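Encoded as structure tokens, the structure appears first; notes follow it.
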Amino acid sequence: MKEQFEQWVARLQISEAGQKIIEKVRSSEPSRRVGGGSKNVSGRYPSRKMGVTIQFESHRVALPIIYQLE
DNA sequence: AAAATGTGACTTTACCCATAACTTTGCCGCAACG
């Protein structure tokens, strides 16, 4: 899981700052919890690619992008 | 930090259908005048 990541970074030759920010993203939990607001349907989707739940704040402008990325 | 869910069982006007009930009105006779 980590050796493949390192080889991917080496192949793309990502700078130290970029790899650091990527590791911070892949380690840190989401910054804010999704709130429904007032006109947005919010919620969770099971991403089998990652294998975890992903939060979306809109089911007709952001969720379809999630399906595409899955 | 943020766009996308009204809905359906219940009740109510509206038109048609059949019949009762009073008023219309042409088709006929009958009395009166020319």
Q: Starting from the Cα of A:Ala62, move 7 Å in the Cα-to-Cβ direction to define the label point; list residues of segment A:21-43 whose amide nitrogen is under 16 Å from there.
A: A:30-43
Q: Calculate how steeply helix A:2-12 sits against the longest principal axis of the alpha-carbon atoms of chain A, using the helix alpha-carbon long axis, and give the answer as 0 to 90 degrees to the nearest 10.
A: 80 degrees
Q. So who's got an amide H within less than 5 Å of the one on A:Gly43, skipping anything under 5 residues away but keeping other chains? H placed 1.01 Å off N, in plane.
A. A:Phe56
**Q.** Summed side-chain charge close to A:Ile66 - residues other than A:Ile66 whose Cβ falls under 15 Å, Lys, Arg +1, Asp, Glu -1
**A.** +2
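Taking chain A, how many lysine pairs are there with alpha carbons less than 25 Å apart, if each pair must be eight or more places apart or span two chains? Numbers along the way, then the final one.
On the way: A:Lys2/A:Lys20; A:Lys2/A:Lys24; A:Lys2/A:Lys49; A:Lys20/A:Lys49; A:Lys24/A:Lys49.
Pairs that pass both the separation and distance tests number 5.
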**Q.** Principal-axis tilt of helix A:16-27 within chain A, Cα atoms, nearest 10 degrees
**A.** 50 degrees
Q: Give the order of A:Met1, A:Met50 when sorted by the count of other beta carbons within 10 angstrom, beginning with the fewest.
A: A:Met1, A:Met50
Q) With point charges of +1 on the Cβ of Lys and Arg and -1 on the Cβ of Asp and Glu, referenced to the Cα centre of segment A:1-59, which listed residue (A:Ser42, A:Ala10, A:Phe56) lies farthest in the positive direction of the dipole? A) A:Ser42
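So, with +1 on the Cβ of K and R and -1 on the Cβ of D and E, and no other charges, what is the size of the charge dipole of chain A about its Cα centre, to the nearest 20 debye?
Details: 12 positive and 7 negative charges, 59 e Å.
Dipole of chain A, to the nearest 20 debye: 280 debye.
Every read-out reported here was derived from the displayed coordinates using simple, explicitly stated rules and does not represent laboratory data. With ideal geometry, Cβ positions are generated from the backbone for all residues, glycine too; neighbour counts draw on all protein chains shown.
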